[PDB]
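J.: return a 3D structure for these sequence lines:
(3 chains, ligands or ions: 2)
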Amino acid sequence: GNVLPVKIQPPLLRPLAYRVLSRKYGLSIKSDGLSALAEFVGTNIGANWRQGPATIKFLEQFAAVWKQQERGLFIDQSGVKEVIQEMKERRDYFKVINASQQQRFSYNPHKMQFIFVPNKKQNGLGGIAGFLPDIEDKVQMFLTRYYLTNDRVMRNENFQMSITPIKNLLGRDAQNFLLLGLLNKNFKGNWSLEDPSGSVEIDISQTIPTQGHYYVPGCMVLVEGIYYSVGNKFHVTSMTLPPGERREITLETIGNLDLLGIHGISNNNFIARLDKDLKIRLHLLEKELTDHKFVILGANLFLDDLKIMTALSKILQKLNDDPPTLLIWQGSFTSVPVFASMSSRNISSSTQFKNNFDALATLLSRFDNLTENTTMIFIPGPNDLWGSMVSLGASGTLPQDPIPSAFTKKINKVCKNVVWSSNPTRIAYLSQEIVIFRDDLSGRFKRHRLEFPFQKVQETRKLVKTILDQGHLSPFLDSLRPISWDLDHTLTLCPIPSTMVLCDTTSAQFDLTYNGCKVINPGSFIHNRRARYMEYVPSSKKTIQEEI
Amino acid sequence: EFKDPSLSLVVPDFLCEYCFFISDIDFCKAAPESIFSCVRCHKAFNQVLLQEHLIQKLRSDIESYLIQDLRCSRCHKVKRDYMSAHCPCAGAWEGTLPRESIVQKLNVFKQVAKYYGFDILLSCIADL
Amino acid sequence: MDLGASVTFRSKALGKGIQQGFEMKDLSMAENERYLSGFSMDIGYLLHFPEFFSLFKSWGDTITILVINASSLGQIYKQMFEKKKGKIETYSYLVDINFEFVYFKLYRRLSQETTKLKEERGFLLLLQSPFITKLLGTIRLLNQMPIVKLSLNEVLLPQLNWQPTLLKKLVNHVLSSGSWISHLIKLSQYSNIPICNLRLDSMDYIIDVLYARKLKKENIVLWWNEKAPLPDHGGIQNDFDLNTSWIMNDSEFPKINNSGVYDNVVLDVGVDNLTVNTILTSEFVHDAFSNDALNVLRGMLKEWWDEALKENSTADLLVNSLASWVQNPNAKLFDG
Ligand SMILES: [Zn+2]
Ligand SMILES: [Zn+2]
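T.: Numbers count the residues shown, from 1 in each chain, chains lettered A, B, ... in the order given. Ligands and ions are numbered 1, 2, ... in the order given. The protein structure is shown below:
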């Protein structure tokens, strides 16, 4: 109310509200709205019932705020919330999301359009077991990947020659063709290309591949060759990975869809888009960006050894004076995978894992400025709690679970902003998309390179070109890296991110950029009696520092 | 019609440090004051070990379900291609490991964890 | 593994080789180890019970415990003295008596006592705490002498009347250290292993050492692994493979049950030593385990059985612990 509120009689105010909300704009005023307006004409007692313009303009502002939320034919108990919004209308706006809460969007080959898919948690019960994907999900996952790759290839400028589906190769011979699909080994043990139409065999004896790519099983490839019906051999003469596209050109095909929706989202009922505030937020980001710095550390910071703790203490000593905006720790937090202990005589490995994080809370006590001003991010490593329980330190499921709450009951209480996410995690800045992914890449692509019968900066160039042209974080079949059936969309590089935080302990540090995106390659947290960590300036500039 | 008034949840290859006794222990059908002590030697068992073993069994179960193969409904031949709608003959793919089986297994994990004091197992459930 | 504790030289520059580090690859060999040493030398003792840091000296005559007790301590020590008169007598030649009792800003005295014992004797140290690495890393002096660790962790307080139970624990540890060291010297002079590198419950370690040296004299790569419960294979073992996944989780065992009512007599029998008999009795297949290692292990188990038949307690214990070593992934040289 006002300083001198006067309780109203609802019947006499009824015409003033009803006229505005039922003849000019709006509809179907409820009792809650009328009671709210009673309170807020108590907040506007000044000469009211004889003063028109002030209450009328407040009502039209109310309408201008209300009519942008859904359709709003009824006014529920949110009305007080929009009135608080009215009061408040007289760094934030950035979000970090994990692979668990990413929205699902299918792709339809017959409608050439992305389709929203309801999340199982929002509509389903989810109290017993809602996280288990259905059987046909793994059937359709490769179909979805192939459809997306087909669309991406056919949108290319050069291709307007046309490829031919595999099954249409039975009746012709001694004619050149062009085709693409999954590359794998058949049951017999020969090289084959698989397509939704069918599969053929590959002749490799005279192949000249395009250099600069890691030709690996499980990767989309473009094959030009001559069919031969005497056997079933598609004699290959050239081979190249499909080209990639920048962010804006892929976006405009769907305008600007609300995939990573922070301003607005789409769901089953409606589809939403936005480009008006993109330039405004770009201009906002262009300023005070140097003040909003975020620094990342190396991989596999084991919290058991004394040397790592001492180096970390020195890093925090240098850092506490100037706390950044975001701080990220990546890699495993224990040098030995945790699993079943057959002996009760010694400390349980789970208890040791709990103990290791407890000391970190103690070390946070002497760096209060960092704990007070900078949020903290933790990303699980290859041999942390849940994975190593069944993987025992080897590669496992990629949509990895976050750090369990039961073993982090003190870090959440000491620090004020800590977020645990999956191994692939996506953050949403004002005008930037950043993704972080921690695993082993160079060794994997080196060991599984395909063989062709016939200065270290080139290897990272090949790796980046391959991972960006393929457009999928895990270009490997289900034999190598098992993936949860439904969450595969999280690993998709549909509209490629602005910056990629690609950490590989088997690769040297790099700061390359390619095709509208830039990639950073942090190394291990320590090496050769030294420790290092890197920071990235939001103005597309990078810095490297070493403190031993 | 008479049925079994209880289910089963068995942990294989359970080891006793003091006696080196190897036996499979049933968490549901077995009576109390026998889960906590070895059969031959009457020595009490560690409890967080029991919780860890249950968690490991559950996680291995989930992984095994997630890595299962696909079988055709009419002819029981196995799927041999990465992308394909259905069998060349009539019939639609079905999973080797049905969903309701693992759902019931998780239900009985829930009941077992609720009956005794098992907090880390409850946390393991909660993260799902 | 290759050299063992029984070290000797055959230089035939010894001073020049001891002012600097003596190189071993050119000159090394292992002699016989029937008797390790005639031991007559002092001992140390530092213990912790989760603020219950405790110390004792074999040649000392005082006991001080960091922050009714004295009388109970004396009576309990005397009581277990008469109750283990025989064991004390038979291990007096290892460790030998009432001592002064004390129950003691105070947390810095560990450094002082360690320094005092450092300049007082040159005495093996026995450690018993759940925080052995912490104690080693917070007392810099403890790295200057050989130490033997006897970690028996997971000790807790009853929240009431912890004095009698802790007194019992400390007194039984003190009067059983002699039997402990007797068993340790037996195992060491039987298995050619240094004292400090041994432990009471490290049966798997001796298995690894003996099997590894038997393979080293053979032409078989050891696949030795450290700080990881996976066999070493050149890095290929880090990748996920289906057959490995299925052999890892194939742990269920079948059984036979034939219900019914029986009027005939039925006998109940027990079967024991099944795994050892199974092992001793009995290119194309890629999942098969190496035949050479299997044969070597069978021969080793057979010789252990034969030696244990001829009144060897250590061989009997090894035979008993073989199965637990096989199942346990924590042991090194472990292959699923
Ligand atoms: Zn037992
Ligand atoms: Zn069929």
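J.: and whichever strand or helix holds residue A:502, what does it pack onto?
T.: Using DSSP states H and E, residue A:502 sits in strand A:499-503. In terms of contacts (3 or more C-beta pairs under 8 Å, 6 or more residues apart in numbering or on different chains; DSSP states H and E), strand A:499-503 is packed against strand A:326-330, strand A:433-438, strand A:517-520. The way it works is simple: take the backbone N, C-alpha and C, and place the C-beta from them, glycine included.
J.: beyond that strand, next helix or strand please.
T.: Per DSSP H and E, the helix or strand that comes after strand A:499-503 is strand A:513-514.
J.: just to check, residue C:122 is in contact with residue C:44?
T.: No: Residue C:122 is not in contact with residue C:44 according to C-beta atoms under 8 Å; the separation is 11.3 Å.
J.: okay, the two: which has more neighbours?
T.: residue C:44 (22 against 11; other C-beta atoms under 10 Å in any protein chain shown).
J.: please list all residues in contact with the more buried one.
T.: Residue C:44 is in contact with C:57, C:58, C:117, C:123, C:124, C:125, C:126, counting by C-beta atoms under 8 Å, 6 or more residues apart in numbering or on different chains.
J.: hmm, try it at 6 Å
T.: Residues near residue C:44 by C-beta atoms under 6 Å, 6 or more residues apart in numbering or on different chains: C:123, C:125.
J.: what about stretch A:185-197, start to end distance?
T.: 17 Å (C-alpha to C-alpha, to the nearest Å).
J.: number of residues surrounding the residue of chain C found nearest ligand 2?
T.: Across chain C, the shortest distance to ligand 2 (C-beta to the ion) belongs to residue C:242, at 23.0 Å. Residue C:242 is flanked by 13 other residues according to other C-beta under 10 Å.
J.: quick check: closest non-adjacent residue to residue A:544.
T.: Distances taken as C-beta to C-beta, 6 or more residues apart in numbering or on different chains place residue A:534 nearest to residue A:544, at 5.2 Å, with adjacent residues excluded.
J.: isn't that neighbour up against residue A:546?
T.: No: taking contacts as C-beta atoms under 6 Å, residue A:534 lies outside contact range of residue A:546: 9.9 Å.
J.: which of those two has more residues huddled nearby?
T.: Remark: of residue A:534 and residue A:546, residue A:534 carries more neighbours, 20 against 10, as counted by other C-beta under 10 Å.
J.: can you list the strands that the helix or strand containing the more buried one pairs with?
T.: Using DSSP H and E, residue A:534 sits in strand A:530-537. Using DSSP bridges, strand A:530-537 pairs in its sheet with strand A:294-296 (antiparallel), strand A:526-527 (antiparallel), strand A:541-546 (antiparallel).
J.: which residues touch residue A:518?
T.: residue A:499.
J.: any idea what it is bridged to?
T.: residue A:499, residue A:513.
J.: how near is it to ligand 1?
T.: Remark: distance between residue A:518 and ligand 1 (C-beta to the ion, to the nearest Å) = 60 Å.
J.: residue A:186 and residue A:192 touch, don't they?
T.: Yes: at 4.5 Å, residue A:186 counts as touching residue A:192 under the criterion of C-beta under 6 Å.
J.: ok, these two, which is more surrounded?
T.: Counted by other C-beta under 10 Å, residue A:186 and residue A:192 do not tie: residue A:192 has more neighbours, with 20 against 14.
J.: doesn't the more buried one lie inside a strand?
T.: Yes: under DSSP: H, G, I helix; E, B strand; the rest coil, residue A:192 sits within a strand.
J.: what is it paired to in the beta sheet?
T.: residue A:184, residue A:201.
J.: which residues touch it?
T.: With C-beta under 6 Å, 6+ apart, residue A:192 has these contacts: A:186, A:199, A:201.
J.: grab the nearest non-local neighbour of residue A:320.
T.: The shortest distance from residue A:320 to any non-neighbouring residue, by C-beta to C-beta, 6+ apart, is to residue A:367 (4.2 Å).
J.: would you mark the buried spots in stretch A:14-32?
T.: A:16, A:17, A:20, A:21, A:26, A:29 (16 or more other C-beta atoms under 10 Å in any protein chain shown).
J.: among these, which are in helices?
T.: A:16, A:17 (DSSP state H).
J.: can you put the buried residues of stretch A:14-32 in a markdown table and add distance to ligand 1?
T.: Formatted as a markdown table, the buried residues of stretch A:14-32 follow (distance: C-beta to the ion, whole Å):
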| residue | distance to ligand 1 |
| --- | --- |
| A:16 | 84 |
| A:17 | 80 |
| A:20 | 82 |
| A:21 | 78 |
| A:26 | 77 |
| A:29 | 76 |
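J.: just flag the most distant two among the buried residues of stretch A:14-32.
T.: The most widely separated members of those are A:16 and A:26, with 13.3 Å between them, by C-beta to C-beta.
J.: how close does residue A:334 get to chain B?
T.: Using C-beta to the nearest C-beta, to the nearest Å, residue A:334 is found at 15 Å from chain B.
J.: secondary structure element for the closest residue to that residue other than its chain neighbours?
T.: Sequence neighbours aside, residue A:353 is the residue nearest to residue A:334 in space, at 5.7 Å (criterion: C-beta to C-beta, 6+ apart). Taking DSSP H and E as the criterion, residue A:353 maps to helix A:349-363.
J.: how near is the closest residue to ligand 1 within the stretch 151-300 of chain A to residue A:329?
T.: Nearest residue of the stretch 151-300 of chain A to ligand 1: residue A:300, at 38.8 Å (C-beta to the ion). Residue A:300 sits at a distance of 10 Å from residue A:329 (criterion: C-beta to C-beta, to the nearest Å).
J.: ok, residue A:234 next?
T.: Residue A:234 is 49 Å from residue A:329, by C-beta to C-beta.
J.: name the residues of stretch C:137-149 that are buried.
T.: Applying 16+ other C-beta under 10 Å to stretch C:137-149 flags C:142, C:145, C:147, C:148 as buried.
J.: that stretch spans what distance, first to last residue?
T.: 14 Å.
J.: how far does that stretch sit from the chain's center?
T.: Counting by C-alpha atoms, centre = their mean, to the nearest Å, stretch C:137-149 is centred 18 Å from the centre of its parent chain.
J.: now stretch A:541-548
T.: The mean C-alpha position of stretch A:541-548 is separated from the chain mean by 26 Å, C-alpha atoms, centre = their mean.
J.: what of stretch C:83-98?
T.: Computed by C-alpha atoms, centre = their mean, the chain-centroid distance of stretch C:83-98 equals 23 Å.
J.: one more: stretch C:125-136?
T.: Per C-alpha atoms, centre = their mean, the centroid offset for stretch C:125-136 relative to its chain is 15 Å.
J.: can you name the residue of chain A nearest ligand 2?
T.: Closest point on chain A to ligand 2, by C-beta to the ion, is residue A:139, at 14.3 Å.
J.: any idea how far the closest residue to that residue other than its chain neighbours is from chain C?
T.: Among residues not flanking residue A:139 along the chain, residue B:93 sits closest, at 6.4 Å (C-beta to C-beta, 6+ apart). Residue B:93 sits 19 Å away from chain C, going by C-beta to the nearest C-beta.
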